[PDB]
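The structure appears right after this line, and notes come after that.
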Amino acid sequence: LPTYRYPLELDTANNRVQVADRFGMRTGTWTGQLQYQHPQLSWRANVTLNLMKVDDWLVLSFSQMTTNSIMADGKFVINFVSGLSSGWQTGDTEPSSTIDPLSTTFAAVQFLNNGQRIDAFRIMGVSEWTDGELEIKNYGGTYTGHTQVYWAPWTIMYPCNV
Amino acid sequence: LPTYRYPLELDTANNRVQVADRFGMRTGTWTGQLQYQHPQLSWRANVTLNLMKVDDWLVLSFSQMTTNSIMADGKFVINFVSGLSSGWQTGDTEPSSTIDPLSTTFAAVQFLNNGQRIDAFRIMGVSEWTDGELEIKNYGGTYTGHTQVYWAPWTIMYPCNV
Amino acid sequence: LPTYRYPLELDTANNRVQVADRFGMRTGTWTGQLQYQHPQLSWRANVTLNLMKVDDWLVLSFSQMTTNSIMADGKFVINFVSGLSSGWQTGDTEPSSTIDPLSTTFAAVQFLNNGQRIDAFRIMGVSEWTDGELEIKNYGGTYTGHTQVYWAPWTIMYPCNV
Amino acid sequence: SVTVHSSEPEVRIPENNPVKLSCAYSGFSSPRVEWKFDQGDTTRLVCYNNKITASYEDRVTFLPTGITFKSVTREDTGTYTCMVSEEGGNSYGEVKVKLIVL
Amino acid sequence: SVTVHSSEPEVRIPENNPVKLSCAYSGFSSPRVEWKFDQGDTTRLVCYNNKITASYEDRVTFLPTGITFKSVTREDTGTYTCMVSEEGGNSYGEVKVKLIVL
Amino acid sequence: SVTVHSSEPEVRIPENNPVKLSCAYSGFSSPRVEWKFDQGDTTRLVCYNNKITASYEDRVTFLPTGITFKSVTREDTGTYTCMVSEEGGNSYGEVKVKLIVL
């Protein structure tokens, strides 16, 4: 007879050929340092983000965070080489294309200057993946002078295969 | 011989076995009251949103609406227990995970104060689902004092299974 | 024995019945004129956008661009009838539903007025598709008087079938 | 195309006693069962996706045949709507089991 | 790997008469057919995803064999490109049927 | 449920010589192989998704049996972790091959 390949499954007790329930959901967590890169400023923040494999998509769920000041532009680097969950491979984070961007979102930000909290937005685009290193460009958005940045939770996803 | 299970189908007249075309599209409509919740202010607005099951995703399509004033923060509750389309179960709206947020979009809003319509943004995140009750946390975004809120159309989706 | 229809494939060398790897990724490029439409202003800009078929989704990847002035609203028309990549059909861009909006995303923009580069946002909602003509409504967002518009890269996707 | 019915469309049971509300169904390839409680105005989720709600977890048990309660109070009186739906929602059925706690 | 061709690559028909433009194809597991009209500069969609456009509904009828018009005019003169593509776009074919309204 | 092991858990080879680090595995329906290099603090990606990294492309060759190097320098000394995972990540295995360049 034929066989089957994930997401395809053969149910024995039923003569059921179906699609794996886990295809639409596969949890994970990268625990590492979020690298902010710009030529005149660079810093790194300890973050622990959640991951979800949903069909042929990879979702990154950012939790609220407080970081150092950021420039008008910027890059965010995530080194998947180390930090992933149990059973998760660095290859499990590879995008299915080289198209730039692969997806763009906005982050709700607060530019903490003096005692002031400035509500502003920050556009984020999933740009590159190089030997386990994902590169999220921050094309810009709204900007004012500040000493720190408070980020509200946010999500980015991009196409991927398993 | 194996029977198949939705989405995997079997065409009799062709010896087919194809992924259903409806897997990538299943329409519905929840007609109810959009609950805005905050400790110092709470209101409810009659809304009728469209639903689309796209693979292992559930999309909610909000139409333009005018609501009462909202606080800097807030919660939006959708009670799926009642109001869904014909053939739609409250279980059909259950997310595939508990990760917070699942997804976070932005809503273009106009804070209606005096005669003024002040353009602003509201970051909305999919956070909880409790016995048919979906909770969309409005983390914040640009804000001013207003007596009303005009919301431009918007979309949020989150992972789900059928 | 039954046949298999895309994305379902039968691997001969193996007796492997799987889901195509290209299902989660199918590249293309539309090269044409981005039509901006409003009753008091309409213009057209030569753009070349990337396309990606990801499962039952169609993603459009906009590159950074500088355009003429835009009104507070307006819509963007994409005529898929001509301009698509090799092996791409105008029907390959048809959405799986008529629901409006199918999806909404924010676009980060700079309102180039005098020497000033004013940061703002634009809400983009996938509205209609009529005999190959995709319609993206810019419901609005923040706005000021300007003579030109710099758009940062952006992504919109909507449900579709193949 | 399919069938969804109850053995006892009306059930009268004494206070603090067990009770099974029977949902009989046929014609489904792979079905999904849902139980909702209606008492005047308030609608309550009991069972969804062959799984019992948190608010009913401690005393209700699901079976394809129906929902078995450990005990019932004056509170539990009312209509219990059982909906069975085929995956992909091409076919679906309903049945109401009136429960009267004595 | 596949074949897409026309019986009559050139078709001359008198004004206000019916016409069938034939699209013959083979080698496809599950094909998708598209018909586009080119007259100098203007490109027009006639048939997409085995379905006729709004602007051609009232007078054109699709069949795997080809597209049947009820009537034609001086307007309808030009090239009619028929594209057949395999689902998943691994194989695809083209054919042009020149139509000359007399 | 599955097995992932090495024939030579410790490998000592002279400078500028070829070397194969062997990854033996069984029990997988459709497996995915990954090779990571650890030298004190720095972790380096060599092989991912049955494909060699750009930084190792010119000298390393992948086989299910293991990774074959053309040459090795003092830099290459350290632990080489081989991870094999089943599609859908229900089963997975690890193995470390210490490499000592002499």
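Naming scheme: A, B, ... for chains in displayed order of the structure tokens; residues 1 onward per chain; ligands 1 onward as shown.
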Could you tell me, as number ranges by chain, which residues of segment 18-99 of chain C DSSP assigns to strand (DSSP E or B) when given the backbone? C: 18-19, 26-38, 41-54, 57-62, 65-68, 75-79, 95
Using only C-alpha atoms, tabulate the residues of chain F lying at most 12 Å from any atom of chain A, each with its closest atom pair and that distance in Å to one decimal, by chain and increasing residue number, as a tab-separated table.
residue	atom	partner	partner_atom	distance
F:28	CA	A:5	CA	11.3
F:29	CA	A:5	CA	7.8
F:30	CA	A:5	CA	7.3
F:31	CA	A:6	CA	10.7
F:32	CA	A:89	CA	8.8
F:33	CA	A:89	CA	8.7
F:34	CA	A:89	CA	7.0
F:35	CA	A:90	CA	9.7
F:36	CA	A:81	CA	8.0
F:37	CA	A:81	CA	10.0
F:38	CA	A:82	CA	10.4
F:41	CA	A:82	CA	11.1
F:42	CA	A:82	CA	9.8
F:43	CA	A:81	CA	7.0
F:44	CA	A:81	CA	7.0
F:45	CA	A:131	CA	6.3
F:46	CA	A:131	CA	8.2
F:47	CA	A:91	CA	8.7
F:48	CA	A:91	CA	5.1
F:49	CA	A:91	CA	5.6
F:50	CA	A:91	CA	9.2
F:51	CA	A:91	CA	9.4
F:52	CA	A:131	CA	9.2
F:53	CA	A:131	CA	5.9
F:54	CA	A:131	CA	7.3
F:55	CA	A:131	CA	8.2
F:56	CA	A:131	CA	10.1
F:57	CA	A:131	CA	11.3
F:81	CA	A:89	CA	11.8
F:82	CA	A:89	CA	10.6
F:83	CA	A:89	CA	7.9
F:84	CA	A:89	CA	8.8
F:85	CA	A:87	CA	7.1
F:86	CA	A:6	CA	9.1
F:87	CA	A:6	CA	6.1
F:88	CA	A:6	CA	6.5
F:89	CA	A:87	CA	6.1
F:90	CA	A:87	CA	8.1
F:91	CA	A:87	CA	7.7
F:92	CA	A:87	CA	6.1
F:93	CA	A:87	CA	8.3
F:94	CA	A:87	CA	9.8
Please superimpose chain D upon chain F, fitting all C-alpha atoms matched one to one in order, and report the result as a compact mmCIF listing (two decimals) with C-alpha atoms, in the first residue's frame.
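Okay, result-v9.txt is ready:
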# COMPACT_ATOMS: atom_id res chain seq x y z
CA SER D 1 11.43 5.37 20.42
CA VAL D 2 14.37 6.33 18.09
CA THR D 3 18.21 6.02 18.07
CA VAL D 4 20.94 8.64 17.34
CA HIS D 5 24.61 7.64 17.93
CA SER D 6 28.21 8.02 16.64
CA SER D 7 30.68 5.30 15.54
CA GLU D 8 33.63 7.42 16.81
CA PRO D 9 32.47 9.66 19.76
CA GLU D 10 36.08 11.05 19.90
CA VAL D 11 38.11 11.83 16.77
CA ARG D 12 41.77 12.98 16.70
CA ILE D 13 43.05 13.97 13.23
CA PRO D 14 46.25 15.80 12.03
CA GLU D 15 46.14 19.39 10.71
CA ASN D 16 45.13 19.92 7.01
CA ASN D 17 43.75 16.34 6.66
CA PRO D 18 40.19 15.25 5.67
CA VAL D 19 37.73 13.96 8.32
CA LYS D 20 34.21 12.47 8.40
CA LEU D 21 32.18 12.87 11.60
CA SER D 22 29.67 10.00 11.65
CA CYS D 23 26.00 10.45 12.68
CA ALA D 24 24.13 7.11 12.77
CA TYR D 25 20.34 7.22 13.31
CA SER D 26 17.22 4.97 13.15
CA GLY D 27 13.47 4.87 13.87
CA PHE D 28 12.60 8.02 11.86
CA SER D 29 9.85 8.11 9.18
CA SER D 30 11.21 11.36 7.60
CA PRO D 31 14.17 12.85 9.52
CA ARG D 32 15.85 16.32 9.59
CA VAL D 33 19.57 16.51 10.47
CA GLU D 34 21.40 19.43 12.17
CA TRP D 35 25.13 19.90 12.98
CA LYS D 36 26.34 22.56 15.47
CA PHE D 37 29.96 23.33 16.46
CA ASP D 38 30.78 24.38 20.04
CA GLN D 39 34.24 25.78 20.90
CA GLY D 40 34.28 27.14 24.46
CA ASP D 41 31.57 29.82 24.21
CA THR D 42 30.90 30.31 20.44
CA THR D 43 28.20 28.09 18.85
CA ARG D 44 28.37 27.69 15.04
CA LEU D 45 25.80 26.39 12.54
CA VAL D 46 27.41 23.80 10.22
CA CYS D 47 24.46 21.80 8.76
CA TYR D 48 20.68 22.54 8.89
CA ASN D 49 17.72 20.85 7.11
CA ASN D 50 20.08 18.40 5.23
CA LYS D 51 21.92 21.51 3.81
CA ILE D 52 25.38 23.02 4.62
CA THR D 53 25.75 26.66 5.85
CA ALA D 54 27.42 29.37 3.65
CA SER D 55 30.30 29.64 6.17
CA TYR D 56 31.05 25.87 5.74
CA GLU D 57 29.82 25.34 2.09
CA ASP D 58 33.32 25.34 0.44
CA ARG D 59 34.75 22.45 2.59
CA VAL D 60 31.97 20.36 4.23
CA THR D 61 29.75 17.72 2.54
CA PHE D 62 26.65 16.20 4.14
CA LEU D 63 25.50 12.55 3.99
CA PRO D 64 22.91 10.82 6.28
CA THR D 65 25.94 8.83 7.63
CA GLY D 66 27.71 12.10 8.54
CA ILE D 67 29.66 15.24 7.61
CA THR D 68 32.86 14.99 5.51
CA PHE D 69 35.48 17.80 5.75
CA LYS D 70 38.09 18.41 2.97
CA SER D 71 40.66 19.89 5.41
CA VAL D 72 40.79 20.87 9.14
CA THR D 73 42.63 23.68 10.97
CA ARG D 74 43.43 24.35 14.72
CA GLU D 75 40.20 26.49 14.51
CA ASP D 76 37.94 23.39 13.84
CA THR D 77 38.86 21.79 17.26
CA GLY D 78 35.90 21.19 19.59
CA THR D 79 32.52 19.46 20.00
CA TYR D 80 30.24 18.78 16.96
CA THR D 81 26.62 18.16 18.09
CA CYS D 82 24.42 16.17 15.65
CA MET D 83 20.65 16.46 16.14
CA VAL D 84 18.17 14.35 14.24
CA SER D 85 14.47 15.26 14.42
CA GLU D 86 11.28 13.73 13.04
CA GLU D 87 9.05 16.10 10.98
CA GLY D 88 6.39 17.40 13.36
CA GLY D 89 8.93 17.07 16.22
CA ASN D 90 7.25 14.16 18.04
CA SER D 91 10.67 12.30 18.27
CA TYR D 92 14.28 13.64 18.30
CA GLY D 93 17.85 12.62 19.16
CA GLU D 94 21.31 14.07 19.94
CA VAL D 95 25.01 12.92 19.72
CA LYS D 96 28.31 14.77 20.35
CA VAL D 97 31.49 14.04 18.28
CA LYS D 98 34.60 15.62 19.89
CA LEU D 99 37.13 16.69 17.22
CA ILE D 100 40.79 17.24 18.17
CA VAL D 101 42.97 18.77 15.41
CA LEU D 102 46.65 17.75 15.97
Could you please write out, as a PyMOL selection string, every residue of chain C that DSSP assigns to helix (DSSP H, G or I)? chain C and resi 21-24+90-93
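Comparing A:54, A:109, A:59, A:47 by their smallest distance to chain C, the closest is A:54 (using only C-alpha atoms).
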Quick check: residues of chain B within 8 Å of chain A, only C-alpha atoms, returned as a PDB file with N, CA and C atoms, in the first residue's frame.
ATOM      1  N   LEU B   1      -9.963  -0.042   2.276  1.00  0.00           N
ATOM      2  CA  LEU B   1      -9.254   1.166   1.840  1.00  0.00           C
ATOM      3  C   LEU B   1      -9.496   2.314   2.789  1.00  0.00           C
ATOM      4  N   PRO B   2      -8.556   3.283   2.940  1.00  0.00           N
ATOM      5  CA  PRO B   2      -8.824   4.366   3.877  1.00  0.00           C
ATOM      6  C   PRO B   2      -9.955   5.270   3.468  1.00  0.00           C
ATOM      7  N   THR B   3     -10.716   5.662   4.498  1.00  0.00           N
ATOM      8  CA  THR B   3     -11.686   6.712   4.406  1.00  0.00           C
ATOM      9  C   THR B   3     -10.795   7.933   4.560  1.00  0.00           C
ATOM     10  N   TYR B   4     -11.324   9.119   4.367  1.00  0.00           N
ATOM     11  CA  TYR B   4     -10.486  10.274   4.564  1.00  0.00           C
ATOM     12  C   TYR B   4     -11.141  11.168   5.628  1.00  0.00           C
ATOM     13  N   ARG B   5     -10.459  12.214   6.078  1.00  0.00           N
ATOM     14  CA  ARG B   5     -11.045  13.090   7.101  1.00  0.00           C
ATOM     15  C   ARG B   5     -10.837  14.523   6.640  1.00  0.00           C
ATOM     16  N   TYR B   6     -11.862  15.379   6.816  1.00  0.00           N
ATOM     17  CA  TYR B   6     -11.746  16.795   6.461  1.00  0.00           C
ATOM     18  C   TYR B   6     -10.446  17.391   7.055  1.00  0.00           C
ATOM     19  N   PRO B   7      -9.596  18.119   6.290  1.00  0.00           N
ATOM     20  CA  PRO B   7      -9.742  18.641   4.915  1.00  0.00           C
ATOM     21  C   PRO B   7      -9.569  17.643   3.765  1.00  0.00           C
ATOM     22  N   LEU B   8      -8.853  16.498   3.978  1.00  0.00           N
ATOM     23  CA  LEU B   8      -8.612  15.454   2.968  1.00  0.00           C
ATOM     24  C   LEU B   8      -9.900  14.803   2.508  1.00  0.00           C
ATOM     25  N   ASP B  55      -7.520  27.837   6.215  1.00  0.00           N
ATOM     26  CA  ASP B  55      -6.613  26.791   6.657  1.00  0.00           C
ATOM     27  C   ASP B  55      -6.717  26.660   8.175  1.00  0.00           C
ATOM     28  N   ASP B  56      -5.601  26.848   8.912  1.00  0.00           N
ATOM     29  CA  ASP B  56      -5.662  26.751  10.363  1.00  0.00           C
ATOM     30  C   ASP B  56      -5.654  28.108  11.078  1.00  0.00           C
ATOM     31  N   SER B  96      -5.990  27.616  18.714  1.00  0.00           N
ATOM     32  CA  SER B  96      -5.171  26.417  18.846  1.00  0.00           C
ATOM     33  C   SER B  96      -4.073  26.465  19.955  1.00  0.00           C
ATOM     34  N   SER B  97      -3.869  27.624  20.635  1.00  0.00           N
ATOM     35  CA  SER B  97      -2.858  27.765  21.700  1.00  0.00           C
ATOM     36  C   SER B  97      -3.234  28.827  22.705  1.00  0.00           C
ATOM     37  N   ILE B  99      -0.719  30.975  24.057  1.00  0.00           N
ATOM     38  CA  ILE B  99       0.351  31.977  23.977  1.00  0.00           C
ATOM     39  C   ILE B  99      -0.238  33.415  23.890  1.00  0.00           C
ATOM     40  N   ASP B 100       0.295  34.353  24.698  1.00  0.00           N
ATOM     41  CA  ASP B 100      -0.200  35.727  24.748  1.00  0.00           C
ATOM     42  C   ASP B 100       0.878  36.760  24.364  1.00  0.00           C
ATOM     43  N   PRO B 101       0.632  37.593  23.317  1.00  0.00           N
ATOM     44  CA  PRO B 101      -0.542  37.573  22.422  1.00  0.00           C
ATOM     45  C   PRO B 101      -0.451  36.447  21.389  1.00  0.00           C
ATOM     46  N   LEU B 102      -1.569  36.120  20.710  1.00  0.00           N
ATOM     47  CA  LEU B 102      -1.514  35.171  19.590  1.00  0.00           C
ATOM     48  C   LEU B 102      -1.096  36.028  18.374  1.00  0.00           C
ATOM     49  N   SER B 103      -1.830  37.131  18.137  1.00  0.00           N
ATOM     50  CA  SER B 103      -1.502  38.072  17.074  1.00  0.00           C
ATOM     51  C   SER B 103      -1.888  39.452  17.512  1.00  0.00           C
ATOM     52  N   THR B 104      -1.168  40.465  16.990  1.00  0.00           N
ATOM     53  CA  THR B 104      -1.377  41.880  17.310  1.00  0.00           C
ATOM     54  C   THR B 104      -1.370  42.796  16.089  1.00  0.00           C
ATOM     55  N   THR B 105      -2.576  43.249  15.706  1.00  0.00           N
ATOM     56  CA  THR B 105      -2.805  44.217  14.635  1.00  0.00           C
ATOM     57  C   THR B 105      -3.046  45.629  15.211  1.00  0.00           C
ATOM     58  N   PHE B 106      -3.184  46.609  14.331  1.00  0.00           N
ATOM     59  CA  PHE B 106      -3.461  47.998  14.658  1.00  0.00           C
ATOM     60  C   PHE B 106      -4.812  48.378  14.059  1.00  0.00           C
ATOM     61  N   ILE B 123      -3.392  49.502  19.113  1.00  0.00           N
ATOM     62  CA  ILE B 123      -2.821  48.155  18.999  1.00  0.00           C
ATOM     63  C   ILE B 123      -3.780  47.175  19.691  1.00  0.00           C
ATOM     64  N   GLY B 125      -4.541  43.066  20.528  1.00  0.00           N
ATOM     65  CA  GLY B 125      -3.947  41.733  20.566  1.00  0.00           C
ATOM     66  C   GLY B 125      -4.910  40.625  20.928  1.00  0.00           C
ATOM     67  N   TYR B 139      -3.932  47.244  24.113  1.00  0.00           N
ATOM     68  CA  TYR B 139      -2.754  47.631  24.869  1.00  0.00           C
ATOM     69  C   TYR B 139      -2.563  49.164  24.929  1.00  0.00           C
ATOM     70  N   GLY B 140      -2.964  49.898  23.865  1.00  0.00           N
ATOM     71  CA  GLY B 140      -2.835  51.356  23.801  1.00  0.00           C
ATOM     72  C   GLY B 140      -2.666  51.948  22.416  1.00  0.00           C
ATOM     73  N   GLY B 141      -1.690  52.858  22.303  1.00  0.00           N
ATOM     74  CA  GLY B 141      -1.376  53.593  21.073  1.00  0.00           C
ATOM     75  C   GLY B 141      -1.629  55.074  21.265  1.00  0.00           C
ATOM     76  N   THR B 142      -1.553  55.895  20.216  1.00  0.00           N
ATOM     77  CA  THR B 142      -1.801  57.336  20.375  1.00  0.00           C
ATOM     78  C   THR B 142      -3.204  57.599  20.950  1.00  0.00           C
ATOM     79  N   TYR B 143      -3.319  58.592  21.879  1.00  0.00           N
ATOM     80  CA  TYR B 143      -4.555  58.890  22.596  1.00  0.00           C
ATOM     81  C   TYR B 143      -4.697  60.362  22.953  1.00  0.00           C
ATOM     82  N   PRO B 159      -4.513  31.613  15.271  1.00  0.00           N
ATOM     83  CA  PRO B 159      -4.546  30.204  14.892  1.00  0.00           C
ATOM     84  C   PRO B 159      -5.715  29.486  15.551  1.00  0.00           C
ATOM     85  N   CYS B 160      -6.306  28.524  14.804  1.00  0.00           N
ATOM     86  CA  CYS B 160      -7.490  27.764  15.197  1.00  0.00           C
ATOM     87  C   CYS B 160      -7.549  26.441  14.426  1.00  0.00           C
ATOM     88  N   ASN B 161      -8.304  25.432  14.945  1.00  0.00           N
ATOM     89  CA  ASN B 161      -8.485  24.146  14.242  1.00  0.00           C
ATOM     90  C   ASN B 161      -9.922  23.574  14.093  1.00  0.00           C
TER      91      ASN B 161
END
